[PDB]
Each structure stands twice: as structure tokens, then as C-alpha cells.
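Below you will find one chain, with nothing else, as C-alpha cells; this is the form deposited without this ligand, and questions on how it binds or moves follow later.
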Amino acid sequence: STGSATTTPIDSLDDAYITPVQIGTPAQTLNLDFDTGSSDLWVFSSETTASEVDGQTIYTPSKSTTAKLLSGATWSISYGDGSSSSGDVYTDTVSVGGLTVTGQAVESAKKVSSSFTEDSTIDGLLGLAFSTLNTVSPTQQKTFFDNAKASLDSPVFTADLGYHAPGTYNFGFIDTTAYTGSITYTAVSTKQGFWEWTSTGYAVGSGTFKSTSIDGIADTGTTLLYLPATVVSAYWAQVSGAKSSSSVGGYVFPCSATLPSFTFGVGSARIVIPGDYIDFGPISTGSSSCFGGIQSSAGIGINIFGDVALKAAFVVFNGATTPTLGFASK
């Protein structure tokens, strides 16, 4: 089997991407944030504290003939940005782009933190990291991908995120029309439960390539590109007036600037992030100070190849017995 679903930016800045997902019988369609940095599929629901729902579409398990309470199971998750959610668990039929999994754990939120409430466009998350990170207790549950894998034509999914435009998540096949050149594959460590790999270096604009190992994670659920302070300083040094602002919480730059590109290495291959991808707009409405799309990972403990990096590539998440990651230009 295969599946193919369009993913759409939630706003004009590509702050996140939502993908429609069918849950239950008859189908209830929710728009979920596909997140290769976590491993829980959770949704706003009829059980979510009413004051914490503001415009989201909810899953109502009592209206699904295939929903079954997973007795005794609870979940609780907190993300790198300080947000969180928790609740109980149902199993139900879940379909993405024509690919159907029966008996999928659907984690129903009883509580969500303010940033989720405040984002009316995201009805929940669909985790695509390794199932070892799944938070369901006392019996850990599998991701949608892990459940689907044996049925797929090939045990892979691909992320093709758009810049200020829709893109595609495919399951079970590689669309050879969706990228240019060849796909370069690179080794993955699953030791931390992430799609963790090592970039071979970077360049800033038309500058020379610096060969240096940068261990990090491919994370569709993170907006920006978080890299070591040395690398980030070298980038912003090429932008007149750019500075790190503790009050704003990162590097900012004059909105009048033209940003240089940023290149990252994948083996001997190179992925080029155009300068415009690194512009996240005024820090507040009407400001002439703009927020940078490349930021320091120094306070995080891990480097993160988030959407800013991934949207510059066609990315293969290869879930074979020994997983690997593939990157192609597009």
C-alpha cells in the first residue's frame, strides 16, 4: 500500500504545516501537525477542557463506531518549546492520504497548554519519530508509520515541504518526479529516538564550504534551523545590522536586508537554503526588526534541522531494519 497527502502552511511565515487525517467511522477529518521529532498521535477532542478549545476541530470518539477506549492508558507530553498536552487513549481507524491503519492509538487530549489553544489551525500532532519515545503509559504505543510499515510497498515516508506553498507527505514510495539529481543517503542513530544524523558541514552565501561534523535531528515539527553558536554567528556576521537579542530571544536583523543563502552538507552532497527561507518577518506587527530563521542550539542540547532546512530538500525517512535519511535538491 501507499499514501499521499498534501501538507499546507498554517500561516504566511510557514510557522508549521498541517495535513488532513481521517479518524474513525464515519471519518472525522482533523488537520494534524506531522512531527518527525515526536512519537505521539494526539488530538483535540470532546474530552478536552472546554476553556482550552478555541476554534480547533475535535475528535469525538463516541461518534465513531470503530473507537475503543484503551483501558487504563494515559499520556502526557512536553515539547522543546515548553508546550504540553495530556489525556487518555482510544484505538481507532486512521487514514492518511488513502493509507489506512486499523487499531491506531489516538491520544485524546483532556488538557492542552496555552500555545495549542491559541493556534486554531492545528487540531493535534501526528508523531513520526521512533516509537520508543511514545508517552502512553503503562503500555507504550506505536506510531502511525510503525503500524503501517509492514503493509507499505517500501518501508519509507518522504517529506516535501513547500516554501510559502503546499507540499506533500508520501508513505510507502519515493516519487522520482519530486526532486532533481540524486538522493544522498546518510546514517541514522536511533539512540535518542530521533531521526538523528551528522551533517558534513556548511557554507554561508557564496563562501567556502567548511567541513565539520554537525550532529542533529531531522524535525518537521520544529520551525527553524538550530545549529551551534559558532555556525550561527558566522551566518549572521554576513548580514549588516544583525544581532542576537536576549530580549527578543534570538538573532534579529533589519527587515531591509537581503539575506545570504545557507548550505548544509549531506555526505558529499550540498543542500542550499535560499536567503528568503531564513526571513521570519517582523518581531512584532509594524516593526522593522525581523526574526532570523537560523538560531543557536546552545540552550537546547541538540542541533535541529527544522522546517527551514527540510523545506529546501526532498527528504526520505527510510524505516528499513537499519534506518537512514535521504536528501535531494528539488
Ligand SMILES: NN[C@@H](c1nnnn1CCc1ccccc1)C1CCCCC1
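Note that residue numbering begins at 1 and tracks the sequence as displayed.
Absent from the display: the form deposited with this ligand bound. The rest refers to it.
- Query: Is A50 close enough to touch this ligand in the deposited bound form, meaning at least one heavy atom pair within 4.5 Å?
  - Reply: Residue-level check for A50: no, no contact with this ligand.
- Message: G265 versus this ligand, in the deposited bound form: is there a non-hydrogen atom within 4.5 Å?
- Response: No - in the deposited bound form, heavy atoms of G265 and this ligand never come within 4.5 Å of each other.
- Proximity of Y226 to this ligand in the deposited bound form, heavy atoms at 4.5 Å: Residue-level check for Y226: yes, a contact with this ligand.
- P61, heavy atom within 4.5 angstroms of this ligand in the deposited bound form: Heavy-atom contact with this ligand at 4.5 Å: absent for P61.
- Message: Can you work out which of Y185, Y163, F209, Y79 has a heavy atom no more than 4.5 Å from this ligand in the deposited bound form?
- Response: The option sitting close enough to the partner is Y79.
- Only one of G172, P260, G167, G221 comes within 4.5 Å of this ligand in the deposited bound form by heavy atoms, so just point that one out. When this ligand is considered in the deposited bound form, the option within 4.5 Å is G221.
- Query: Quick one: which of 79 to 87, 151 to 159, 98 to 106, 201 to 209 gets within 4.5 Å of this ligand in the deposited bound form, going by heavy atoms?
  - Reply: Partner-contacting stretch among the options: 79 to 87.
- Item | Within 4.5 Å of this ligand in the deposited bound form: residues from 19 to 44 (heavy atom criterion) | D35, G37 sit within 4.5 Å of the partner.
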